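Summary of the model geometry
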Amino acid sequence: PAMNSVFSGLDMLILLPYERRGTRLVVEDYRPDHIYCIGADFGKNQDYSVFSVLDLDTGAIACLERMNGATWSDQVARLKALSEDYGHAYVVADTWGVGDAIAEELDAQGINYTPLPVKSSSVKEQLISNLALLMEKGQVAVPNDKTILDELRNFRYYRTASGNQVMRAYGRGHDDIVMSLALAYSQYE
Ligand SMILES: [Mn+2]
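Residues numbered from 1 in each chain as written, not as in the entry; some residues may be left out. Heavy atoms only, no water. Residues with missing side-chain atoms left out of burial classes, pairs and counts.

Structure determination for this entry is recorded as X-ray crystallography, at 1.2000 Å resolution.

Encoded structure:
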């Protein structure tokens, strides 16, 4: 890792085998004795949407769905399906800048969700520092997928012109997986 890497506790990340079923990485099927939530980062234009199903009883990701270019309505429909598959799991939705259609459709489709708008660097810092702490404590468990692990590895610290800390992907990379995971783990106790 670089000097400015955010996830200094990557060595304590638990790596889980999975089956790739289309856009889903399935670690395990629904356990009805457990309670789940889903961290949801939507894709605005050609950005990736990522939905991370977290078993709140074990702290392990059960399923992660990722794609780009899906229509807004299809993103909501895929989220509905995931929620229903995991016992009407509640969605932690980053509602910031998603547009009226997704917001309206979450309600119109009766999706079980709570808003967590990632509306500033301060909110992002809260989410990320919680994920990083849980990770160092050996409480984060994710599909053992190189794309996921690489996005975590390449998440780094930078300073703005005003001196404020920001966190983002190295180079010209993506962080939708990082954010989806952080949205899920925001609920984990
Ligand atoms: Mn994103």
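Once that is clear, we can look at the coordination of the manganese ion. For the manganese ion, the protein coordination sphere consists of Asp41 (OD) and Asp176 (OD), at 2.1 to 2.2 Å. Of this pair, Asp41 sits in strand 4 (residues 36-41) while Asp176 sits in helix 5 (residues 176-185), placing them 135 residues apart in sequence. Taking the relative accessible area as the measure of exposure, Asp41 reaches 10% and is therefore buried. (Donors = N, O, S within 2.8 Å, 3.2 Å for Na, K, Ca; no water. Helix = DSSP H or I, 4+ residues; strand = E, 2+ residues; numbered from the N terminus. Buried < 20%, exposed > 50% of the residue type's maximum accessible area, 1.4 Å probe, protein only.)

Running from N to C, helix 4 (residues 146-153) and helix 5 point in directions that differ by 90°, and their axes come no closer than 8 Å. The angle between helix 4 and helix 5 places the two elements in the roughly perpendicular class. Across the interface between the two elements, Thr147, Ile148, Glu151 and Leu152 of helix 4 pack against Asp176, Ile177, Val178 and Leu181 of helix 5. When its residues are assigned to classes, the contact of helix 4 with helix 5 shows five nonpolar, one polar and two charged. (Axes fitted to C-alpha atoms, helices over the stretch in contact; angles between N-to-C directions. Parallel < 35°, antiparallel > 145°, perpendicular 65-115°, else oblique. Contact = heavy atoms within 4.5 Å. Nonpolar A, V, L, I, M, F, W, Y, C, P; charged D, E, K, R; others polar.)

Positive phi, normally seen in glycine, also occurs at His88, with a value near 55°. Mapped onto the secondary structure, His88 falls in the loop between helix 1 (72-85) and strand 7 (90-93). Relative accessible area serves as the criterion here: at 55%, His88 is assigned to the exposed category.

Attention shifts here to helix 3 (residues 121-136). Here helix 3 contains 16 residues, and its C-alpha end-to-end distance of 22 Å stays within 8% of the 22 Å for a straight helix at 1.5 Å per residue. Taken residue by residue, helix 3 has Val123, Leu127, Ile128, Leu131, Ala132, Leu134 and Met135 as its buried positions. For helix 3, the angular spread of the buried residues around the axis is 165°, confining them to a single face. At the exit of helix 3 stands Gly138, carrying a positive phi of roughly 75°. (Expected span 1.5 Å × (residues − 1). Arc of directions from axis to C-beta.)

Turning our eyes to something else, we now look at the nonpolar core. Ranked by internal contacts, the top residues of the largest apolar core, which has 36 residues, are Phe7, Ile128 and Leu181. Listing elements by their share of this core, those giving two or more residues are strand 5 (48-55), strand 6 (60-68), helix 3, helix 4 and helix 5. The element best represented in this core is helix 5, accounting for eight residues. In this view, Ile128 contacts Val6, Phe7, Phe155, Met167, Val178, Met179 and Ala182; residues no more than four positions away in its chain are not counted. Ranked by size, the runner-up nonpolar core spans 22 residues in total, among them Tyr36, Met67, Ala89 and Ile102. (Core = buried A, V, L, I, M, F, W, Y, C linked by side-chain atoms within 4.5 Å.)

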